[PDB]
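Trainee: target.txt is reproduced below (compact mmCIF, C-alpha atoms).
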# COMPACT_ATOMS: atom_id res chain seq x y z
CA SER A 1 -2.67 0.51 -20.68
CA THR A 2 -4.33 3.46 -18.95
CA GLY A 3 -6.40 4.07 -15.83
CA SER A 4 -8.81 6.84 -14.82
CA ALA A 5 -10.38 7.32 -11.38
CA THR A 6 -12.50 10.01 -9.76
CA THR A 7 -11.17 11.68 -6.59
CA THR A 8 -13.58 13.28 -4.11
CA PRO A 9 -13.08 15.78 -1.26
CA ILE A 10 -13.56 14.13 2.16
CA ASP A 11 -15.34 17.16 3.59
CA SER A 12 -16.61 20.65 2.84
CA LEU A 13 -13.18 22.20 3.13
CA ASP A 14 -11.31 19.98 0.68
CA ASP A 15 -9.08 18.82 3.62
CA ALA A 16 -8.08 15.83 1.49
CA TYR A 17 -9.30 13.82 -1.47
CA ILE A 18 -10.08 10.12 -1.61
CA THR A 19 -9.94 7.82 -4.59
CA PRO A 20 -11.35 4.29 -4.70
CA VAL A 21 -8.75 1.54 -5.06
CA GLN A 22 -9.35 -2.14 -5.62
CA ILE A 23 -7.06 -4.51 -3.71
CA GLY A 24 -7.04 -8.30 -3.86
CA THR A 25 -9.09 -11.13 -5.32
CA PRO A 26 -12.09 -10.80 -5.06
CA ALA A 27 -11.69 -7.00 -5.04
CA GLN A 28 -11.74 -5.13 -1.76
CA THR A 29 -12.37 -1.44 -2.42
CA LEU A 30 -10.75 1.07 -0.11
CA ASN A 31 -10.80 4.86 -0.39
CA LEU A 32 -7.20 6.04 -0.36
CA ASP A 33 -5.60 9.47 -0.22
CA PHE A 34 -3.26 9.80 -3.24
CA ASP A 35 -0.12 11.53 -2.00
CA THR A 36 2.48 12.78 -4.51
CA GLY A 37 4.63 13.74 -1.48
CA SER A 38 5.17 10.19 -0.14
CA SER A 39 5.81 6.74 -1.53
CA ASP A 40 4.05 4.19 0.63
CA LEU A 41 0.72 2.46 -0.17
CA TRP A 42 -0.67 1.58 3.27
CA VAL A 43 -4.11 0.56 4.42
CA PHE A 44 -6.19 0.03 7.45
CA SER A 45 -6.50 -3.76 7.73
CA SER A 46 -7.57 -6.77 9.73
CA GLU A 47 -4.18 -6.40 11.51
CA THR A 48 -4.88 -2.86 12.78
CA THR A 49 -5.20 -2.60 16.56
CA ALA A 50 -8.95 -2.81 17.02
CA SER A 51 -9.11 0.20 19.32
CA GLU A 52 -7.50 2.30 16.53
CA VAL A 53 -10.12 1.55 13.88
CA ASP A 54 -13.30 3.65 13.91
CA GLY A 55 -15.44 3.53 10.77
CA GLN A 56 -12.68 2.90 8.20
CA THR A 57 -12.94 0.13 5.60
CA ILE A 58 -10.17 -2.42 6.18
CA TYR A 59 -8.19 -4.68 3.88
CA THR A 60 -8.29 -8.35 4.94
CA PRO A 61 -5.50 -10.20 3.18
CA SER A 62 -6.76 -13.60 4.43
CA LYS A 63 -9.79 -13.08 2.16
CA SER A 64 -7.65 -12.41 -0.94
CA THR A 65 -6.59 -15.40 -2.99
CA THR A 66 -3.77 -13.29 -4.44
CA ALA A 67 -2.32 -11.89 -1.21
CA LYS A 68 1.16 -13.03 -0.15
CA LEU A 69 2.96 -12.06 3.06
CA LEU A 70 6.18 -10.22 2.19
CA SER A 71 8.03 -12.08 4.86
CA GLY A 72 10.09 -9.98 7.24
CA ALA A 73 9.16 -6.66 5.70
CA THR A 74 8.04 -3.79 7.88
CA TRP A 75 7.24 -0.14 7.43
CA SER A 76 6.89 3.04 9.43
CA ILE A 77 6.01 6.52 8.29
CA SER A 78 5.06 9.95 9.63
CA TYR A 79 3.37 12.87 7.87
CA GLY A 80 3.46 16.64 7.81
CA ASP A 81 1.12 17.08 10.75
CA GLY A 82 3.00 14.60 12.94
CA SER A 83 0.57 11.72 12.34
CA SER A 84 2.02 8.29 11.68
CA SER A 85 1.40 4.61 10.99
CA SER A 86 3.33 1.36 10.84
CA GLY A 87 2.98 -2.37 10.21
CA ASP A 88 3.90 -5.27 7.93
CA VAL A 89 3.60 -5.87 4.20
CA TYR A 90 1.72 -8.07 1.73
CA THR A 91 1.93 -8.18 -2.02
CA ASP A 92 -1.36 -8.28 -3.88
CA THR A 93 -3.14 -7.13 -7.01
CA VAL A 94 -4.05 -3.46 -6.98
CA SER A 95 -6.20 -1.67 -9.53
CA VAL A 96 -6.86 2.05 -9.90
CA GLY A 97 -9.46 3.16 -12.42
CA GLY A 98 -9.14 0.01 -14.51
CA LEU A 99 -5.34 -0.12 -14.40
CA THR A 100 -3.97 -3.24 -12.68
CA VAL A 101 -0.60 -3.93 -11.06
CA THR A 102 0.12 -7.47 -9.83
CA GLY A 103 2.59 -7.94 -6.99
CA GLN A 104 2.09 -4.43 -5.57
CA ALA A 105 3.38 -3.88 -2.03
CA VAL A 106 0.34 -3.27 0.18
CA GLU A 107 1.52 -2.07 3.57
CA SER A 108 -0.85 -3.34 6.26
CA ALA A 109 -1.16 -1.11 9.29
CA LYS A 110 -0.73 -2.62 12.75
CA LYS A 111 -0.74 0.79 14.36
CA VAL A 112 -2.12 4.20 13.37
CA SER A 113 -2.02 7.46 15.29
CA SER A 114 -5.07 9.17 16.76
CA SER A 115 -5.79 11.52 13.90
CA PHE A 116 -6.02 8.61 11.47
CA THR A 117 -8.39 6.78 13.83
CA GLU A 118 -10.50 9.83 14.18
CA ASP A 119 -10.94 10.32 10.45
CA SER A 120 -13.29 7.60 9.19
CA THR A 121 -13.21 8.83 5.59
CA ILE A 122 -9.60 7.81 4.80
CA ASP A 123 -8.80 4.09 4.59
CA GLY A 124 -5.08 4.62 3.87
CA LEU A 125 -2.65 6.41 1.54
CA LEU A 126 -1.30 5.74 -1.95
CA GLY A 127 2.10 7.33 -2.46
CA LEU A 128 3.08 8.76 -5.81
CA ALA A 129 6.44 10.42 -5.06
CA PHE A 130 9.61 8.59 -6.16
CA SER A 131 10.21 5.10 -4.86
CA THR A 132 13.41 6.21 -3.14
CA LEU A 133 11.19 7.57 -0.31
CA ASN A 134 9.41 4.23 0.32
CA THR A 135 9.81 3.15 3.93
CA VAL A 136 9.68 -0.63 3.63
CA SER A 137 12.61 -2.42 5.26
CA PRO A 138 14.78 -4.27 4.62
CA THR A 139 13.71 -4.42 0.93
CA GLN A 140 12.45 -1.06 -0.33
CA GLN A 141 9.37 -1.26 -2.50
CA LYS A 142 8.07 0.48 -5.57
CA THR A 143 5.04 2.78 -5.80
CA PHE A 144 1.98 1.88 -7.80
CA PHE A 145 3.01 4.30 -10.54
CA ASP A 146 6.60 2.94 -10.83
CA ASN A 147 5.21 -0.59 -11.03
CA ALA A 148 2.63 0.40 -13.65
CA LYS A 149 4.97 2.53 -15.74
CA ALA A 150 6.25 -0.07 -18.14
CA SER A 151 2.63 -1.05 -18.96
CA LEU A 152 1.39 2.49 -19.55
CA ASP A 153 0.79 4.07 -22.97
CA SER A 154 2.83 7.05 -21.69
CA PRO A 155 4.83 7.16 -18.40
CA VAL A 156 2.68 9.86 -16.87
CA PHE A 157 -0.10 10.47 -14.42
CA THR A 158 -2.20 13.60 -14.11
CA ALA A 159 -3.95 15.26 -11.18
CA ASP A 160 -7.10 17.34 -11.79
CA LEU A 161 -8.36 18.24 -8.35
CA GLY A 162 -11.67 20.04 -7.87
CA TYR A 163 -12.58 22.97 -5.71
CA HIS A 164 -15.37 21.69 -3.48
CA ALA A 165 -16.02 19.14 -6.22
CA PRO A 166 -14.78 15.83 -7.58
CA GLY A 167 -11.79 15.60 -9.86
CA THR A 168 -9.73 12.99 -11.66
CA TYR A 169 -6.46 11.03 -11.50
CA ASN A 170 -5.41 9.61 -14.88
CA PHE A 171 -2.59 7.20 -15.56
CA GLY A 172 -0.90 6.71 -18.89
CA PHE A 173 -2.45 9.52 -20.89
CA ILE A 174 -3.12 13.25 -20.99
CA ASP A 175 -6.78 14.20 -21.42
CA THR A 176 -6.65 17.12 -23.81
CA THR A 177 -10.27 17.98 -23.02
CA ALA A 178 -9.48 18.59 -19.32
CA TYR A 179 -7.55 21.83 -19.64
CA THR A 180 -7.45 25.07 -21.55
CA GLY A 181 -4.58 26.50 -23.56
CA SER A 182 -1.25 24.71 -23.42
CA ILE A 183 0.65 22.75 -20.83
CA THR A 184 3.83 24.39 -19.59
CA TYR A 185 6.50 21.88 -18.57
CA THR A 186 9.18 22.60 -16.00
CA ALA A 187 12.19 20.69 -14.77
CA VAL A 188 12.09 18.33 -11.83
CA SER A 189 14.76 17.44 -9.25
CA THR A 190 14.44 13.89 -7.84
CA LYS A 191 17.37 14.23 -5.41
CA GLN A 192 15.08 14.48 -2.33
CA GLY A 193 12.54 11.94 -3.63
CA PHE A 194 9.85 14.58 -4.42
CA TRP A 195 8.36 16.14 -7.50
CA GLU A 196 10.56 19.15 -6.79
CA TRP A 197 10.50 22.15 -9.18
CA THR A 198 11.07 25.90 -9.22
CA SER A 199 8.27 28.38 -9.61
CA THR A 200 9.21 31.63 -11.42
CA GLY A 201 7.39 33.99 -9.13
CA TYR A 202 4.08 35.27 -7.81
CA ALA A 203 1.47 37.95 -7.70
CA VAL A 204 -1.15 38.89 -5.15
CA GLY A 205 -4.54 39.82 -6.50
CA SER A 206 -4.25 42.24 -9.37
CA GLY A 207 -0.76 43.23 -8.27
CA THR A 208 2.32 43.24 -10.39
CA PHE A 209 4.07 39.88 -10.84
CA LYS A 210 7.29 39.46 -8.85
CA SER A 211 9.89 37.39 -10.72
CA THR A 212 11.69 35.27 -8.11
CA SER A 213 12.68 31.57 -8.01
CA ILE A 214 10.70 29.57 -5.45
CA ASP A 215 11.75 25.96 -5.07
CA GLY A 216 9.02 23.64 -3.86
CA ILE A 217 7.23 20.31 -4.30
CA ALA A 218 4.03 19.38 -6.06
CA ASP A 219 2.15 17.63 -3.19
CA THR A 220 -1.39 16.28 -3.57
CA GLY A 221 -1.29 14.90 -0.04
CA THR A 222 -0.83 18.36 1.59
CA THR A 223 -4.00 20.44 1.96
CA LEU A 224 -2.53 23.95 1.94
CA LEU A 225 -0.03 26.16 0.03
CA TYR A 226 3.18 26.62 2.08
CA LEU A 227 5.50 29.38 0.84
CA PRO A 228 8.33 31.55 2.16
CA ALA A 229 7.41 33.91 4.93
CA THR A 230 8.09 36.94 2.72
CA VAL A 231 5.60 35.78 0.11
CA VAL A 232 2.95 34.86 2.65
CA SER A 233 3.26 38.19 4.45
CA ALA A 234 2.84 40.00 1.18
CA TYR A 235 -0.35 38.02 0.53
CA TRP A 236 -2.00 38.50 3.95
CA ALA A 237 -1.03 42.17 4.14
CA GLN A 238 -3.71 42.71 1.49
CA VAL A 239 -6.45 41.33 3.79
CA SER A 240 -7.74 43.75 6.43
CA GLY A 241 -7.32 42.31 9.87
CA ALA A 242 -5.36 39.22 8.81
CA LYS A 243 -2.68 38.14 11.28
CA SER A 244 -0.46 35.23 12.17
CA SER A 245 -1.72 33.53 15.32
CA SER A 246 0.61 31.39 17.43
CA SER A 247 -2.35 29.98 19.32
CA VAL A 248 -4.10 28.88 16.13
CA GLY A 249 -0.98 27.89 14.29
CA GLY A 250 -0.95 30.15 11.25
CA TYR A 251 -2.50 33.05 9.46
CA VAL A 252 -6.15 33.76 10.23
CA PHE A 253 -8.41 36.43 8.76
CA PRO A 254 -11.84 37.89 9.39
CA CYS A 255 -14.51 35.57 8.05
CA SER A 256 -16.18 38.73 6.64
CA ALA A 257 -13.29 39.15 4.16
CA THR A 258 -13.31 38.41 0.47
CA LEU A 259 -9.82 37.18 -0.38
CA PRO A 260 -7.53 38.22 -3.18
CA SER A 261 -6.33 35.69 -5.70
CA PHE A 262 -2.77 34.35 -5.73
CA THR A 263 -0.80 33.78 -8.94
CA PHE A 264 2.24 31.55 -9.23
CA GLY A 265 4.61 31.24 -12.20
CA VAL A 266 5.43 28.17 -14.23
CA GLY A 267 8.12 29.20 -16.69
CA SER A 268 6.54 32.11 -18.57
CA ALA A 269 3.05 30.85 -17.76
CA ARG A 270 0.84 31.82 -14.82
CA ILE A 271 -1.60 29.82 -12.71
CA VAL A 272 -4.23 31.83 -10.84
CA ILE A 273 -5.64 30.57 -7.54
CA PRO A 274 -8.98 32.31 -6.92
CA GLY A 275 -9.35 33.92 -3.52
CA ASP A 276 -12.15 31.58 -2.48
CA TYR A 277 -9.77 28.63 -2.75
CA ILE A 278 -7.68 30.22 0.05
CA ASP A 279 -10.61 30.32 2.54
CA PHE A 280 -10.63 27.36 4.94
CA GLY A 281 -13.49 28.52 7.15
CA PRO A 282 -13.89 29.21 10.82
CA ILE A 283 -11.08 28.17 13.12
CA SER A 284 -13.75 26.65 15.36
CA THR A 285 -17.49 26.15 14.95
CA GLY A 286 -19.26 29.51 15.10
CA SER A 287 -16.09 31.55 15.09
CA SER A 288 -15.69 34.75 13.11
CA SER A 289 -11.95 34.12 12.59
CA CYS A 290 -11.21 32.02 9.54
CA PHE A 291 -8.15 29.95 8.63
CA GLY A 292 -5.99 30.88 5.67
CA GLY A 293 -5.07 28.53 2.85
CA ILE A 294 -1.61 30.09 2.26
CA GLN A 295 0.77 29.56 5.17
CA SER A 296 4.43 29.96 5.89
CA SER A 297 6.80 27.14 5.14
CA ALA A 298 9.31 28.48 7.67
CA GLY A 299 10.19 25.50 9.85
CA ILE A 300 9.18 22.83 7.28
CA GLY A 301 12.44 23.16 5.35
CA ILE A 302 10.60 22.99 2.07
CA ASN A 303 7.92 24.91 0.14
CA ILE A 304 4.85 22.87 -0.68
CA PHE A 305 2.48 23.37 -3.55
CA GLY A 306 -0.36 21.51 -1.89
CA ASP A 307 -3.99 21.11 -2.92
CA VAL A 308 -4.81 24.82 -2.70
CA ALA A 309 -2.40 25.43 -5.58
CA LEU A 310 -2.80 22.18 -7.49
CA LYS A 311 -6.60 22.30 -7.65
CA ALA A 312 -6.26 25.52 -9.70
CA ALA A 313 -4.44 23.56 -12.39
CA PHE A 314 -4.32 20.51 -14.53
CA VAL A 315 -1.06 18.90 -13.45
CA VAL A 316 1.05 16.39 -15.34
CA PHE A 317 3.49 14.23 -13.44
CA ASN A 318 5.84 13.04 -16.16
CA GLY A 319 7.79 9.99 -15.07
CA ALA A 320 9.93 9.65 -18.16
CA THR A 321 13.66 8.97 -17.82
CA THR A 322 14.06 12.70 -17.27
CA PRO A 323 11.02 13.56 -15.13
CA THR A 324 9.16 16.83 -15.56
CA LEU A 325 6.04 18.59 -14.31
CA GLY A 326 3.43 20.24 -16.48
CA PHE A 327 0.84 22.83 -15.55
CA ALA A 328 -2.18 24.11 -17.44
CA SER A 329 -5.09 26.34 -16.59
CA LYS A 330 -8.53 24.73 -16.67
Could you show the structure in this file as structure tokens?

Mentor:
Amino acid sequence: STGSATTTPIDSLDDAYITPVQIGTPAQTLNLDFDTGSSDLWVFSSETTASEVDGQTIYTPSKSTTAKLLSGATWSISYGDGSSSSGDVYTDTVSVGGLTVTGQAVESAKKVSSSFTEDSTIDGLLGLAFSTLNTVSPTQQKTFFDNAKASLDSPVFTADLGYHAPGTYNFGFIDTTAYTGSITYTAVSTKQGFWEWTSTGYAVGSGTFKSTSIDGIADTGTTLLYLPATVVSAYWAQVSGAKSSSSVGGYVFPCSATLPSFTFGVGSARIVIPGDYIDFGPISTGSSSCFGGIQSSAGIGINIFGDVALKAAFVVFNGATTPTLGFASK
């Protein structure tokens, strides 16, 4: 089997992408944020504290003939910005782009933090990291991909994110019409539960390429590109007036600036992020200070190849016995 679904930016800055997901019988469609940096499928639901729901679409398991309470199971998770959610668990049928998993763990939120409440465009998350990061207790659960794997034509999924435009998630096949040239595959470490790999270096703008190993994760659920402070300083030093702002929380630059591109290595191949992809607009409405799309990972403990990097590529998440990652230009 295979599945194919369109993913759409939630706003004009590509802050996140949402993909429609069908849950239950009859189907309930929720727009979920696919997150290759976590491993929980959780949704706003009929169990969510009413004061914490504001415009989201909810899952109502009592309306699904296929829903079953996963008795005793609970979950709790927090994300990169300090947001969090928690609740109990059902199993139900879940379909993504025509691909169906029966008995999928669907984590029903009882509680969500304020920034989830305040974002009406995201109805929950669908984790696509390794199942070893799933937070359900006392019986850890598998991700949608893990569950689907044995049914798929090939044990892969691909992410083709758009810049200010829709893109695609495919399961079970590689669309050879979606990229240019060849796919370069690179080794993955699963020891921390992530799609963790090592980039071979970087360049800023038309500068010379610096060969240096940069360990990091391929993370569709992180908006920005988080790299070592050395790398990020070298980038922003090429932008007149750019500076790191403690009050704002990262590098900002004059909104009058045209930004240089950023290149990262994949083996002997190169992926080029156009400068416009690194511009995240005014720090506040009307401001002439703009927020940068490349930020320091210092303090995170890990480098993150988030959407800013991934949307410049066609990315293959290969879940074979020995997992790998592939990157192509597009």

Trainee: Could you list as a PyMOL selection string every residue that has an atom within 7 Å of (-2.8, -3.5, 11.7), using the file's coordinates and counting only C-alpha atoms?

Mentor: chain A and resi 44-49+87+108-111

Trainee: Hey, which of A:259, A:225, A:234, A:298 ends up closest to residue 311 of chain A? Count only C-alpha atoms.

Mentor: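 Checking each candidate against residue 311 of chain A, we get A:225 as the closest.
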
Trainee: Compile the contact shell of segment 71-77 of chain A as a PyMOL selection string: residues with an atom at most 6 Å away, counting all atoms listed in the file, same-chain residues fewer than 6 positions apart removed.

Mentor: chain A and resi 84-89+135-137

Trainee: Residues within 8 Å of residue 242 of chain A, please, as a list in words. Count only C-alpha atoms; anything in the same chain fewer than 5 positions from it doesn't count.

Mentor: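 Result of the neighbour search: residues 236, 237, 251, 252, 253 and 254 of chain A.
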
Trainee: Looking at A:38, A:186, A:244, A:95, which one is nearest to residue 130 of chain A, with distances taken over all atoms listed in the file?

Mentor: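 So, comparing all the options, the nearest one is A:38.
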
Trainee: Pick out the residues sitting within 12 Å of residue 165 of chain A, and hand them over as an mmCIF file with C-alpha atoms, in the coordinates of the input; count all atoms listed in the file, and ignore anything fewer than 3 positions along from it in its own chain.

Mentor:
data_model
loop_
_atom_site.group_PDB
_atom_site.id
_atom_site.type_symbol
_atom_site.label_atom_id
_atom_site.label_comp_id
_atom_site.auth_asym_id
_atom_site.auth_seq_id
_atom_site.Cartn_x
_atom_site.Cartn_y
_atom_site.Cartn_z
ATOM 1 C CA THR A 6 -12.500 10.010 -9.760
ATOM 2 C CA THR A 7 -11.170 11.680 -6.590
ATOM 3 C CA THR A 8 -13.580 13.280 -4.110
ATOM 4 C CA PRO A 9 -13.080 15.780 -1.260
ATOM 5 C CA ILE A 10 -13.560 14.130 2.160
ATOM 6 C CA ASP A 11 -15.340 17.160 3.590
ATOM 7 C CA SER A 12 -16.610 20.650 2.840
ATOM 8 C CA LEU A 13 -13.180 22.200 3.130
ATOM 9 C CA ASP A 14 -11.310 19.980 0.680
ATOM 10 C CA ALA A 16 -8.080 15.830 1.490
ATOM 11 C CA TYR A 17 -9.300 13.820 -1.470
ATOM 12 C CA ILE A 18 -10.080 10.120 -1.610
ATOM 13 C CA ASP A 160 -7.100 17.340 -11.790
ATOM 14 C CA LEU A 161 -8.360 18.240 -8.350
ATOM 15 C CA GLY A 162 -11.670 20.040 -7.870
ATOM 16 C CA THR A 168 -9.730 12.990 -11.660
ATOM 17 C CA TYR A 277 -9.770 28.630 -2.750
ATOM 18 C CA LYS A 311 -6.600 22.300 -7.650
#

Trainee: Looking at A:22, A:78, A:60, A:100, which one is nearest to residue 134 of chain A, with distances taken over only C-alpha atoms?

Mentor: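 Once distances to residue 134 of chain A are computed over only C-alpha atoms, the minimum belongs to A:78.
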
Trainee: Tell me which protein, DNA and RNA residues are within 7 Å of residue 184 of chain A, counting all atoms listed in the file, leaving out same-chain ones fewer than 6 positions away, and put them as a ChimeraX atom specification.

Mentor: /A:266,269,326-328

Trainee: Those residues you just picked out, can you put them in a file as a compact mmCIF listing (two decimals), in the coordinates of the input with C-alpha atoms?

Mentor:
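What follows is the written file part_39.txt:
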# COMPACT_ATOMS: atom_id res chain seq x y z
CA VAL A 266 5.43 28.17 -14.23
CA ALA A 269 3.05 30.85 -17.76
CA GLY A 326 3.43 20.24 -16.48
CA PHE A 327 0.84 22.83 -15.55
CA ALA A 328 -2.18 24.11 -17.44

Trainee: Counting only C-alpha atoms, which of A:91, A:62, A:321, A:199 gets nearest to residue 263 of chain A?

Mentor: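 Between A:91, A:62, A:321, A:199, the residue approaching residue 263 of chain A most closely is A:199.
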
Trainee: When distances are computed from all atoms listed in the file, which of A:55, A:319, A:3, A:221 shows the smallest separation from residue 32 of chain A?

Mentor: A:221

Trainee: May I ask for the distance between atom CA of residue 39 of chain A and atom CA of residue 296 of chain A, given in Å to one decimal place?

Mentor: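 Distance reported for this atom pair: 24.4 Å.
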
Trainee: Using Å and a single decimal, report how far atom CA of residue 148 of chain A sits from atom CA of residue 195 of chain A.

Mentor: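 It comes out at 17.8 Å.
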
Trainee: How many Å separate atom CA of residue 279 of chain A from atom CA of residue 117 of chain A?

Mentor: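 Taking atom CA of residue 279 of chain A as the start and atom CA of residue 117 of chain A as the end point, the length is 26.2 Å.
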
Trainee: Return the single residue from A:189, A:182, A:154, A:220 that is closest to residue 320 of chain A, with distances computed using all atoms listed in the file.

Mentor: A:154

Trainee: Taking 6 positions as the minimum chain separation for residues in the same chain, which residues sit within 8 Å of segment 23-25 of chain A when counting all atoms listed in the file? Answer as a PyMOL selection string.

Mentor: chain A and resi 59+61+63-67+92-95

Trainee: Compute the distance from (16.3, 14.0, -10.9) to each atom, counting all atoms listed in the file, keep the residues with any atom at most 7 Å away, and return them as an NGL selection string; use the coordinates of the file.

Mentor: :A and (188-191 or 322-323)
